[PDB]
């Protein structure tokens, strides 16, 4: 999917996680975030189009998704074992990763 749609998927499912009651909903929302992040890994953002696909900026772009994916993965571990509030607090910290990439590249 394109970068914009993966970003909507990330945004929509963070909202799902915030308002969720129960493990299964959080787990499904995180699984979809992980898939959208993995898909977005390979995109070139509008503001880096004139940069070489191996420039530091493009490396650091992919590095932001690497951080995000690890955080999603860890939240998924918590959700998978029923720790819903812990998973939600993990999701609130990973918002900071969204913000840091957005400040540099959005």
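Numbering follows the first chain given and starts at 1.
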* On mean C-alpha B-factor from the PDB entry, just flag whether 19 to 27 or 83 to 91 is the higher one. => 19 to 27
* Asked: With respect to the recorded C-alpha B factors, which stretch has the higher mean value, 74 to 82 or 42 to 50?
  -> 42 to 50
* Asked: Within this chain, which third does the Cα B-factor at residue 1 fall in: lowest, middle or highest?
  -> highest
* **Modelled-residue ranking by C-alpha temperature factor, third containing residue 36** => middle
